[PDB]
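Structure record follows, encoded as structure tokens.
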Amino acid sequence: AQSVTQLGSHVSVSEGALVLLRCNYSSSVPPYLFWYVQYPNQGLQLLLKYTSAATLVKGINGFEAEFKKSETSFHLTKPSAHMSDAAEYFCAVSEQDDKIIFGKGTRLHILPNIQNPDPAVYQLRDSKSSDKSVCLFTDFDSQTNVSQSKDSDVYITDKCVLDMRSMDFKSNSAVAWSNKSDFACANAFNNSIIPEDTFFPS
Amino acid sequence: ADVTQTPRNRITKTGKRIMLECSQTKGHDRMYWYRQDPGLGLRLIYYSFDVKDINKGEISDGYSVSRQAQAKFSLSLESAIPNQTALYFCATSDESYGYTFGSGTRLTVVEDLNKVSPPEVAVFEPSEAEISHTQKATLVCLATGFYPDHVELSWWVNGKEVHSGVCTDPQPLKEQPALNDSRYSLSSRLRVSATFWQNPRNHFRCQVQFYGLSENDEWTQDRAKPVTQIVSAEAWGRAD
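As given, the protein sequences belong to chains A and B, one line each in that order.
Residue 17 in our numbering sits at position 17 of the first sequence; the count goes up by one each step and never skips.
Residue 215 in our numbering sits at position 215 of the second sequence; the count goes up by one each step and never skips.
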């Protein structure tokens, strides 16, 4: 009964830190082992594989993995985490001399290094002449996280990281909105623990 | 090979027989059908080592397959049900685990086509307070009221697709979470320098490609038939 196990469906790494994605297998005889990467709405790309040749296997872009029989492991590493490393990673193993079986996947999230945070909540108006608006919570660092709404008529998105290449500038943001006319941007993120210095323009 | 799959996208009602086709050019003995679902990785449905050699994988229930030729391996959903909504991938292998994957089939199974609905799309303009505070300008696109969750959102500046400065939510949210057939919402941000937003010559468009009905689906409602289509919203830059 051969299997492959990846630890954690979602993992974080700080921008610039060592990348470590863990994979363990249960085969008695050593198997062939594979690491694949998948970007959004994209297919599977092979990074590297262990095919009973070298134990230290090297792949594209600084990826490596060492096959360790004594700990039944084949962990994927890269020396430094870059924003372009954000993807889902799958470990896989040969099985029954006839197929590859896949682990469940781990999505790697890269936490940008935000040296000068400028947390703020802004109100944005519809380009067309409704008075519809949304609220944008932006420019907070890595220690802020955004909580789900506790009010079923207010919608709040997960934090997303954008990378403005023109300015070599990354920033976090979350969006909130509601069809209540009274809903105010000062209250939109009241269920989240926000920075004490968040900017709330009048 | 060039491993190719058809169709690339498909929406179907429940209870229908649906066929996916994998074709290769290299004539490898070994061909496979997998499905991918979030948190489960890729699970093997069926595989084949030659014409009329067929082997079950771990999730073969509800599916059948045929190996019509060295080059062709067909997958059928025998009577589609909603939990067969998935990304489907065929693969070939050589005799040394050299896999080649097709580019995938995104399949959505819905109970009732009457609930299909294209998005409404709006762009929200950058705040003056952001521009003053940061000398940057964030546009937000909101796509709302769509069903099923089968869209692609992109941004277009002066007629060319952009990727820099963009973040799109990785999955839409449910407008009515308690409902099995809730409509969905999706947001995206495009951030530019303030001076670029302040140029009234610059044109910003978010585009949402929606996958829905086709021309041969029946439609009995008064509202617009919710066919596969593009819905966009736009804003022009401005100084005042």
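Built from N, CA and C at the ideal position, the CB exists for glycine as well.
Assuming residue i and residue j form a contact by the criterion Cβ under 8 Å, report the distance between their Cβ atoms to the nearest whole angstrom.
| i | j | result |
| --- | --- | --- |
| B:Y32 | B:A69 | Incorrect: roughly 16 Å between the Cβ atoms, too far for contact. |
| A:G62 | A:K78 | 5 Å |
| B:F204 | B:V151 | Between B:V151 and B:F204 the Cβ distance is about 19 Å, and since that is not below 8 Å, they are no contact. |
| A:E196 | A:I110 | Their Cβ separation, rounded to whole angstroms, is 26 Å, which puts A:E196 and A:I110 out of contact at 8 Å. |
| A:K69 | B:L44 | Actually they are not in contact, since the Cβ atoms of A:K69 and B:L44 sit about 26 Å apart, beyond 8 Å. |
| B:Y46 | B:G57 | 6 Å |
| A:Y89 | A:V37 | 6 Å |
| B:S93 | B:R30 | 4 Å |
| B:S164 | A:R165 | 4 Å |
Would you kindly work out how many angstroms separate the C-alpha atoms of residue i and residue j, rounded to a whole number?
| i | j | result |
| --- | --- | --- |
| A:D151 | A:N191 | 9 Å |
| A:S181 | A:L124 | 15 Å |
| B:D37 | B:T138 | 33 Å |
| residue 250 of chain B | A:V134 | Residue numbering for chain B in the displayed model covers 1 to 240; residue 250 of chain B lies beyond these limits and cannot be assessed. |
| A:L44 | B:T220 | 41 Å |
| B:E21 | A:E64 | 35 Å |
| B:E95 | B:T105 | 26 Å |
| B:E175 | B:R67 | 43 Å |
| A:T72 | A:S26 | 7 Å |
| B:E215 | B:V3 | 28 Å |
| A:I114 | A:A81 | 15 Å |
| B:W197 | A:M167 | 14 Å |
| A:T198 | B:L77 | 52 Å |
| A:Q2 | B:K225 | 49 Å |
| residue 244 of chain B | B:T168 | Here chain B comprises residues numbered 1 to 240, so residue 244 of chain B is not present and cannot be evaluated. |
| B:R238 | A:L108 | 38 Å |
| A:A176 | B:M19 | 41 Å |
| A:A186 | B:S154 | 30 Å |
| A:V146 | B:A86 | 29 Å |
| B:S182 | B:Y147 | 8 Å |
| B:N202 | B:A129 | 20 Å |
| A:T157 | B:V162 | 22 Å |
| A:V4 | A:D163 | 34 Å |
| B:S185 | B:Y211 | 15 Å |
| A:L20 | A:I101 | 21 Å |
| B:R35 | A:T106 | 17 Å |
| A:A86 | A:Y39 | 8 Å |
| B:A1 | A:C23 | 29 Å |
| A:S94 | B:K136 | 50 Å |
| residue 268 of chain A | A:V154 | Residue numbering for chain A in the displayed model covers 1 to 202; residue 268 of chain A lies beyond these limits and cannot be assessed. |
| B:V140 | A:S202 | 20 Å |
| B:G145 | B:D217 | 21 Å |
| B:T6 | A:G8 | 33 Å |
| A:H10 | B:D240 | 44 Å |
| B:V51 | B:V65 | 11 Å |
| A:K58 | A:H75 | 12 Å |
| A:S129 | B:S127 | 16 Å |
| A:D97 | B:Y97 | 9 Å |
| B:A194 | B:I131 | 6 Å |
| A:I60 | B:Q171 | 29 Å |
| B:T228 | B:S79 | 23 Å |
| A:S149 | A:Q42 | 31 Å |
| A:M83 | B:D53 | 45 Å |
| A:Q143 | A:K159 | 12 Å |
| B:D222 | B:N114 | 11 Å |
Is there a Cβ of chain C sitting closer than 8 Å to that of residue i, yes or no?
| i | result |
| --- | --- |
| A:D151 | In the displayed structure, chain C is absent; the protein chains listed are A and B. |
When every heavy atom of the ligand SAM is checked, does at least one fall within less than 7 Å of the C-beta of residue i?
| i | result |
| --- | --- |
| A:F183 | In the structure shown, the ligand SAM is absent, as is every other ligand, since no ligand is present at all. |
What residue ranges within the stretch 16-78 of chain A form continuous beta strand (DSSP E) runs of no fewer than 3 residues, ordered along the chain? 19-21, 23-25, 33-38, 44-50, 56-58, 64-68 and 73-78, all fully within the stretch 16-78 of chain A.
Which residue spans inside the stretch 188-234 of chain B form an unbroken alpha helix (DSSP H) run of at least 4? 194-197, all fully within the stretch 188-234 of chain B.
Could you pull out every unbroken beta strand (DSSP E) segment of at least 3 residues lying fully inside the stretch 121-185 of chain B, listed in chain order? The qualifying runs are 136-146, 151-157, 160-162 and 166-168.
At a CB distance below 7 Å, what residues from the stretch 174-206 of chain B approach chain A? Give them in sequence order. Result list: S185, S187, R189, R191 and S193.
Within 8 Å, do at least three Cβ pairs link the stretch 163-176 of chain A to the stretch 122-140 of chain A? The answer is yes - the stretch 163-176 of chain A touches the stretch 122-140 of chain A, with three or more Cβ pairs under 8 Å.
Taking three-plus beta-carbon pairs below 8 Å as touching, is the stretch 69-84 of chain B in contact with the stretch 108-125 of chain A? No contact exists between the stretch 69-84 of chain B and the stretch 108-125 of chain A.
Identify each residue in the stretch 161-191 of chain A for which the Cβ-Cβ distance to at least one residue of chain B is less than 8 Å, and report them in chain order. For chain B, the residues of the stretch 161-191 of chain A that bring a beta carbon within less than 8 Å of one of its beta carbons are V161, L162, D163, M164, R165, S166, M167, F169, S171, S173, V175 and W177, in chain order.
Count the C-beta pairs between the stretch 7-18 of chain B and the stretch 97-111 of chain B that are closer than 8 Å, then say yes if the count reaches three, no if not. Judged by Cβ distances under 8 Å, the stretch 7-18 of chain B makes contact with the stretch 97-111 of chain B, as three or more pairs qualify.
Quick test of the definition: if touching needs 3 or more C-beta pairs under 8 Å, does the stretch 226-233 of chain B touch the stretch 195-214 of chain B? These segments touch.
Between the stretch 124-145 of chain B and chain A, which residues of the former have a C-beta closer than 7 Å to a C-beta of the latter? So the close ones are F124, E125, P126, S127, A129, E130, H133, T134, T138, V140 and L142.
Taking Cβ-Cβ distances below 9 Å as the criterion, which residues of the stretch 114-130 of chain A are in contact with chain B? Within the stretch 114-130 of chain A, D118, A120, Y122, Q123, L124, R125, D126, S127, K128 and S130 place their CB atoms closer than 9 Å to a CB of chain B, listed in sequence order.
Cβ contact (3+ pairs, closer than 8 Å) linking the stretch 45-53 of chain A and the stretch 25-33 of chain A: Under the Cβ criterion (8 Å, minimum of three pairs), the stretch 45-53 of chain A counts as touching the stretch 25-33 of chain A.
Which runs of the alpha helix (DSSP H) spanning at least 4 residues fall entirely within the stretch 41-125 of chain B, listed in chain order? Those alpha helix (DSSP H) runs which fall completely within the stretch 41-125 of chain B and span 4+ residues do not exist here.
Report the residues of the stretch 149-161 of chain B with a CB closer than 9 Å to any CB of chain A, ordered along the chain. Cβ contacts with chain A come from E152.
Against chain B: residues of the stretch 86-99 of chain A by CB proximity under 7 Å: Listed in chain order, the positions of the stretch 86-99 of chain A with a beta carbon within less than 7 Å of a beta carbon of chain B are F90, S94 and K99.
Near-chain B residues of the stretch 43-68 of chain A (beta-carbon distance less than 8 Å), N- to C-terminal order: Answer set for the stretch 43-68 of chain A: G43, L44, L46, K49 and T51.
Closer than 9 Å, Cβ to any Cβ of chain A: which residues of the stretch 18-37 of chain B, in chain order? So the list reads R30, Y32, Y34 and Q36, given in the order they occur along the chain.
Counting only Cβ-Cβ distances shorter than 9 Å, please list the residues of the stretch 216-238 of chain B near chain A, keeping chain order. Listed by position along the chain: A233, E234, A235 and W236.
Using a Cβ-Cβ cut-off of less than 9 Å, list which residues of the stretch 54-77 of chain B approach chain A; keep chain order. So the close ones are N55, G57 and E58.
Which residue spans inside the stretch 109-133 of chain A form an unbroken alpha helix (DSSP H) run of at least 4? DSSP runs (the alpha helix (DSSP H)) wholly in the stretch 109-133 of chain A: none.
Of the residues that make up the stretch 108-123 of chain B, which ones have a beta carbon closer than 7 Å to any beta carbon in chain A? So the close ones are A122 and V123.
Write down every uninterrupted run of the alpha helix (DSSP H) in the stretch 135-200 of chain A whose length is 4 residues or greater and which is fully enclosed by it, in chain order. Taking only runs of at least 4 residues, the alpha helix (DSSP H) segments lying wholly in the stretch 135-200 of chain A are 185-188.
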